[PDB]
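Asker: Sequence plus experimental coordinates follow:
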Amino acid sequence: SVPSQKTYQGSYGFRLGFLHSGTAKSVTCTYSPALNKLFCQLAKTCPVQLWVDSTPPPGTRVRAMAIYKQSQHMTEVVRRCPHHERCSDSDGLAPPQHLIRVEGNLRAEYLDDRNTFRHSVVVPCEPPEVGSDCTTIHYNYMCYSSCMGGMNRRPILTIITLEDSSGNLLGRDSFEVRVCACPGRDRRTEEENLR
Ligand SMILES: [Zn+2]
């Protein structure tokens, strides 16, 4: 099967937000609204904002999962390549096979689906810090888009779902991801191509 990628705000008005980081050659993570695509370096912090219109119930959670963007690859589980799954760069919580990690959240849980074999990482939905209007989750992507035997140059999407305590759907959003050495240059290039 294939997880849905349909944008759905739901009862709570759920959607994502991204910082405006620019495209200098030194940038480590940058988001393109025109492409709905995040460009980031290997294992670097990717701040993703969560926005809602109203407060969801206690026990609400936020899950991230990657899928291949191209239909002919959609049924294939997105996972780390044969090199990176064995490089012992564990943070003590994320399984070494998982592409997406959450940084600095001890309540993060990593799922290997018993039926689809797909990977995801899920955290409790938390209110903004005092003085802030949204909550930020810090993600890491642990393989390059180009990794042989892994993504192998195939584009992926990250799907973020807002879930109730049973795992039922409350909201959904998504964005394409390219993990690369020079996010600034590649974003500039792909945006120029689009024009
Ligand atoms: Zn890799």
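Answerer: All right, it came through fine. Numbering: from 1, shown residues only.
Asker: Please name every helix or strand in contact with the longest strand seen in the chain.
Answerer: Longest strand in the chain, counting residues (DSSP state E): strand 169-179. Applying 3 or more CB pairs under 8 Å, 6 or more residues apart in numbering; DSSP states H and E, one finds that strand 169-179 contacts strand 15-17, strand 37-40, strand 156-163. C-betas here are computed from N, CA, C, even on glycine.
Asker: who wins for proximity to the ion among these?
Answerer: Shortest distance between the ion and the helices and strands packed on strand 169-179, using CB to the ion, is found for strand 156-163: 12.6 Å.
Asker: and that closest one, what other elements does it pack with?
Answerer: strand 46-51, strand 61-68, strand 169-179.
Asker: Now with 10 Å, please.
Answerer: strand 15-17, strand 46-51, strand 61-68, strand 119-124, strand 135-141, strand 169-179 (3 or more CB pairs under 10 Å, 6 or more residues apart in numbering; DSSP states H and E).
Asker: What strands flank the first one, and is each parallel or antiparallel?
Answerer: According to DSSP bridges, strand 15-17 has the following sheet partners: strand 46-51 (antiparallel).
Asker: hey, C-alpha coordinates of the partner strand in CSV?
Answerer: Provided in CSV are the C-alpha atoms of strand 46-51 (Å, rounded to 0.1, in the frame of the first residue of the first chain):
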residue,chain,number,x,y,z
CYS,A,46,15.8,21.0,9.9
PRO,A,47,13.3,23.3,11.8
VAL,A,48,9.7,22.5,10.9
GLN,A,49,6.9,24.6,12.4
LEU,A,50,3.6,23.3,13.5
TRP,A,51,0.6,25.7,13.3
